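Coordinate analysis (summary)
If you want the building blocks of each chain, they are given just below.
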Amino acid sequence: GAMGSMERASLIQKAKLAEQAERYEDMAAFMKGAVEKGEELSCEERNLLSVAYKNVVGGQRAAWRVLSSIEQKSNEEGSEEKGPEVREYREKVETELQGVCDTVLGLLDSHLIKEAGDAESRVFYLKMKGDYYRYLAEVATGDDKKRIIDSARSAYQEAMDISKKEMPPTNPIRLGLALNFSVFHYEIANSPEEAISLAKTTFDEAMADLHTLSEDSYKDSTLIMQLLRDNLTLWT
Amino acid sequence: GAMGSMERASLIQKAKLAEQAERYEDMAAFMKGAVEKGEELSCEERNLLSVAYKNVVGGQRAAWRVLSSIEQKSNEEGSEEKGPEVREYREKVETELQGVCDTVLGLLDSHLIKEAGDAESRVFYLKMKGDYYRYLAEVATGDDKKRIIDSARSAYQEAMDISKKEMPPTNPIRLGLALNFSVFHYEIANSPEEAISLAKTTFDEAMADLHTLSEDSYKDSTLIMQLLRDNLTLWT
Amino acid sequence: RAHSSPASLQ
Amino acid sequence: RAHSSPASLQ
Ligand SMILES: [Ca+2]
Ligand SMILES: [Ca+2]
Ligand SMILES: [Cl-]
Ligand SMILES: [Cl-]
Ligand SMILES: [Cl-]
Ligand SMILES: [Cl-]
Ligand SMILES: [Cl-]
Ligand SMILES: [Cl-]
Ligand SMILES: [Cl-]
Ligand SMILES: [Cl-]
Ligand SMILES: [Mg+2]
Ligand SMILES: [Mg+2]
Ligand SMILES: [Mg+2]
Ligand SMILES: [Mg+2]
Ligand SMILES: [Mg+2]
Ligand SMILES: [Mg+2]
Ligand SMILES: [Mg+2]
Ligand SMILES: [Mg+2]
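Conventions we followed
Residues numbered from 1 in each chain as written, not as in the entry; some residues may be left out. Chains lettered and ligands numbered in written order. Heavy atoms only, no water. Residues with missing side-chain atoms left out of burial classes, pairs and counts. UniProt positions renumbered as here; feature names shortened; annotations may be inferred. Helix = DSSP H or I, 4+ residues; strand = E, 2+ residues; numbered from the N terminus. Rg over C-alpha atoms; globule rule 2.2 N^0.38 Å. Contact = heavy atoms within 4.5 Å. Areas by Shrake-Rupley, 256 points an atom, 1.4 Å probe, with all protein chains shown as cover. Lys, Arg positive; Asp, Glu negative; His and termini not counted. Charge placed at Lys NZ, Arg CZ, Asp CG, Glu CD. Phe/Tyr/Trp six-rings, centres within 6.5 Å; stacked < 30°, edge-to-face > 60°. Buried < 20%, exposed > 50% of the residue type's maximum accessible area, 1.4 Å probe, protein only. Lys NZ or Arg CZ within 6 Å of the ring centre and 35° of its normal. Nonpolar A, V, L, I, M, F, W, Y, C, P; charged D, E, K, R; others polar. Least-squares fit on C-alpha atoms. Donors = N, O, S within 2.8 Å, 3.2 Å for Na, K, Ca; no water. Core = buried A, V, L, I, M, F, W, Y, C linked by side-chain atoms within 4.5 Å. Salt bridge = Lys/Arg side-chain N within 4 Å of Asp/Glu carboxyl O. Polar contact = N/O pair within 3.5 Å; in protein donor to acceptor, adjacent residues only side chain to side chain. Axes fitted to C-alpha atoms, helices over the stretch in contact; angles between N-to-C directions. Parallel < 35°, antiparallel > 145°, perpendicular 65-115°, else oblique. Left-handed = near helix turned anticlockwise from the far one by under 90°.

Identification of chain A as 14-3-3 protein sigma from Homo sapiens is taken from the PDB entry. Per the PDB record, the entry is named "14-3-3 sigma in complex with YAP pS127-peptide". What the UniProt record of chain A gives under Sequence similarities is the line "Belongs to the 14-3-3 family."

Printed below as a string of structure tokens:
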């Protein structure tokens, strides 16, 4: 690995610099290197890993959506033939997106999840597994689409089961998981009613637990609750 | 070259798709491939080339400035020692920035400038040469800083001489050249008075020629004139 | 169109 | 701090 000769602590420090610089591909490469040292990640380090890859895949998802839209219009009646280039370039971006998702899934499988025993780490990694299978599902069109969807579902469900047993309903990881699983239901699984029910239940259970929280925790939780509400508004 | 097997027209078409997708590194790679076909570039194609590399180098310049600021604070009295990592990563970004600038300068030298005979193309390429030497000068600290500065100056001056002889004072290329040469004087060459004089003269000469222009040309010219004014406001 | 979670959670 | 030209000029 290109990062094999760099100290763990140096990789972490450079990931933080890359974040400040908005160099997210570098940030991801540093954090991959840090994971590949083989030690478990701290809470802060897990967050750095997530931020890095979320930003990398987010640029790719935004690009893919623009290209897919252009390709779809090219396939309408009365659209002039322009050759293979739009499909080719959409495919290029898609393949790179798939490669990033595969990289993340590979880190989780080798060996982040298997060593994650505390709820906070295990749920966070299983949520990430669901997320990156969801990003794969957003572009999937072939024979394995059902299996990709199934993999996302399974990871999210495992995470949900742990989070309900082990975390308060206000925990930001639990909230963000439920938020993303609701988006999966709505956008991927053709289950808008399930999406809406999960968002409602999650929001209400969190509301009932806010009284237990410090001011700072309250802010963290209410931030994610607001996203649940925003989606409910969009969906109902 | 990775683009050697792709049709010229396909590279251009994909550059335009990459622009829409905000995939500027891909856009630059497509346009490099197009230049390397060996044919001269049209006005539109020159603009695509410029947009692509301007956006790539702009992300690198923004990152470099963030890292340089962090490095400078680390060198203040009472700052704790944190090791070589900030210098190393600033150097990494700097080297990649230098490589992009070298790539652009190489395209201009092999062989865009030598085949550019019309004022519009020649001035545009000489302005680009000045710009990318200016970006090199922004990060230069060693024995060749003076020569890098000299190279920027020389390219800009050549472009200025042609543009004054061959273009109206409202031409957007002439205006953008003069704008950038003024920024060179102010930020690179330690010549604020020259910067201010050039911006003033350029603005006033353009104002006196606006009456000759269509509505659409008027809009193009006045856009660049406003940048000259904004800099004058910042500098005076 | 929907909002998903921020990357950083704690 | 100063403004430089846009990339696209015509
Ligand atoms: Ca219903
Ligand atoms: Ca004076
Ligand atoms: Cl990046
Ligand atoms: Cl392609
Ligand atoms: Cl799973
Ligand atoms: Cl609504
Ligand atoms: Cl890019
Ligand atoms: Cl580095
Ligand atoms: Cl020159
Ligand atoms: Cl002022
Ligand atoms: Mg070590
Ligand atoms: Mg037709
Ligand atoms: Mg075509
Ligand atoms: Mg929060
Ligand atoms: Mg050909
Ligand atoms: Mg101290
Ligand atoms: Mg250190
Ligand atoms: Mg203009």
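Broken down by element type, chain A carries nine helices and zero strands. Order of helices (α) and strands (β) in chain A, N terminus to C terminus: α-α-α-α-α-α-α-α-α. For a compact globule of 236 residues, the expected C-alpha radius of gyration is about 18 Å, and chain A comes in at 19 Å, within 12% of that figure. Of all intrachain contacts in chain A linking residues separated by at least 6 positions in sequence, the fraction that spans at least 24 positions is 68%. For chain A, the accessible area works out to roughly 11,600 Å², and carbon and sulfur atoms hold 45% of it. Measuring between centres, the 30 positive side-chain charges of chain A sit 1 Å from its 43 negative side-chain charges.

Our focus in this paragraph is the arrangement of the chains. The structure contains three pairs of chains in contact, of which chains A and B account for the largest number of contacts. One finds no contact linking chain A with chain D; the least C-alpha distance across the pair is 18 Å. Separated throughout, chain C and chain D approach each other most closely at a C-alpha pair spaced 32 Å apart.

This next bit is on the packing of aromatic side chains. Tallied over the entire structure, the rule returns 14 aromatic pairs over all chains. Between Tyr132 of chain B and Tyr135 of chain B, the aromatic rings sit 5.0 Å apart at their centres with planes inclined by 80°, giving edge-to-face as the arrangement. Pair noted here: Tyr132 of chain B and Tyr135 of chain B are both in helix α5 (residues 119-139), with a separation of three residues, about one helical turn. Here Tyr132 of chain B matches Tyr135 of chain B in class, with each residue buried. Taken together, a centroid distance of 5.3 Å and an interplanar angle of 35° make the contact between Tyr156 of chain B and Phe181 of chain B tilted. With a gap of 25 residues between them, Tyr156 of chain B in helix α6 (residues 145-166) and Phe181 of chain B in helix α7 (residues 172-188) connect regions that are remote in the sequence. Across the pair, exposure class does not vary: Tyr156 of chain B and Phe181 of chain B are buried alike. An aromatic cluster is defined as three or more aromatic residues linked by ring pairs; in this entry it consists of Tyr156, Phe181 and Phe184 of chain A. Sitting over the ring of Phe203 of chain A, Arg229 of chain A keeps its end group 4.7 Å from the ring centre.

Okay, the interface of chain D and chain B next. Facing the ten residues of chain D at the interface are 22 residues of chain B. Among the residues forming the side of chain D that touches chain B, the class breakdown is four nonpolar, five polar and one charged.

Another aspect to go through is the relation of the copies chain B and chain A. Turning chain B through 180° and shifting it by 0.0 Å along the axis lays it on chain A, with an RMSD of 0.0 Å. On this basis, the relationship between the two copies can be described by a two-fold rotation axis. Relative to the rotation axis, the C-alpha of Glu25 of chain B is the closest in chain B, positioned 6.3 Å from it. A symmetric contact is evident, with 100% of the interface residues of chain B recurring at the interface of chain A.

What follows concerns the coordination of the magnesium ion (ligand 13). For a metal with four donors in a tetrahedral arrangement, the ideal angle between donors is 109.5 degrees, while six donors in an octahedron ideally sit at 90 or 180 degrees. Looking at the magnesium ion (ligand 13), one finds its protein donor set to be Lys82 of chain A (O), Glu85 of chain A (OE), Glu85 of chain A (OE) and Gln13 of chain B (NE2), positioned 2.4 to 2.8 Å from the metal centre. Among the residues examined, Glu85 of chain A registers a relative accessible area of 8% and is labelled buried.

With that settled, the discussion passes to the nonpolar core. In this structure, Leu49, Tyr125 and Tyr132 of chain A together with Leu49, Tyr125 and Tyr132 of chain B are the most contacted members of the largest nonpolar core, which totals 166 residues. Setting aside residues up to four positions removed in sequence, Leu49 of chain A forms contacts with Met31, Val35, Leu41, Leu107, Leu112 and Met128 of chain A.

Pairing of side chains with opposite charge becomes possible as their charged atoms draw close. Counted according to the given criterion, the structure contains 32 salt bridges over all chains. In this structure, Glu44 of chain A engages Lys16 of chain A in a salt bridge whose closest nitrogen and oxygen atoms are separated by 3.2 Å. Here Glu44 of chain A is found in helix α3 (residues 43-74), whereas its partner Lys16 of chain A is found in helix α1 (residues 8-20), with 28 residues between them in sequence. Where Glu205 of chain B meets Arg174 of chain B, a salt bridge forms, and the shortest distance between an N and an O atom there is 3.9 Å.

Residues and elements named next belong to chain A. Of note, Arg46 is situated in helix α3. Despite its burial, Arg46 pairs with no opposite charge, the nearest such side chain being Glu120 at 6.4 Å. With residues near it in sequence (within four places) discarded, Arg46 still touches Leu41, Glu120, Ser121, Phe124 and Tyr125.

Our next topic: the side chain of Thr202 of chain B. Checked against the element boundaries, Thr202 of chain B lands in helix α8 (residues 192-207). Polar side-chain contacts of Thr202 of chain B include one of 2.7 Å to the backbone oxygen of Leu198 of chain B.

All names here are of chain B. Among the structural elements, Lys129 can be located in helix α5. As a C-alpha pair, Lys129 and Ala159 span 30 residues in sequence and 9.5 Å in three-dimensional space. Residue contacts for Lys129: discarding those within four places in its chain leaves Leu105, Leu108, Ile113 and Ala155.

Attention now moves to the packing of helix α7 (residues 172-188) of chain A against helix α8 (residues 192-207) of chain A. A pair of packed helices is characterised by two quantities: the angle between their axes and the separation of those axes. Residue and element names in this part refer to chain A. For the pair α7 and α8, interaxial distance at closest approach is 7 Å and the crossing angle is 165°. Our classification of the angle between α7 and α8 gives roughly antiparallel. At the point where α7 passes α8, the crossing takes the left-handed sense. Here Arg174, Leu175, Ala178, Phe181, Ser182, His185 and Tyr186 of α7 come into contact with α8, specifically with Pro192, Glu194, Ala195, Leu198, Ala199, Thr202, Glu205 and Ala206.

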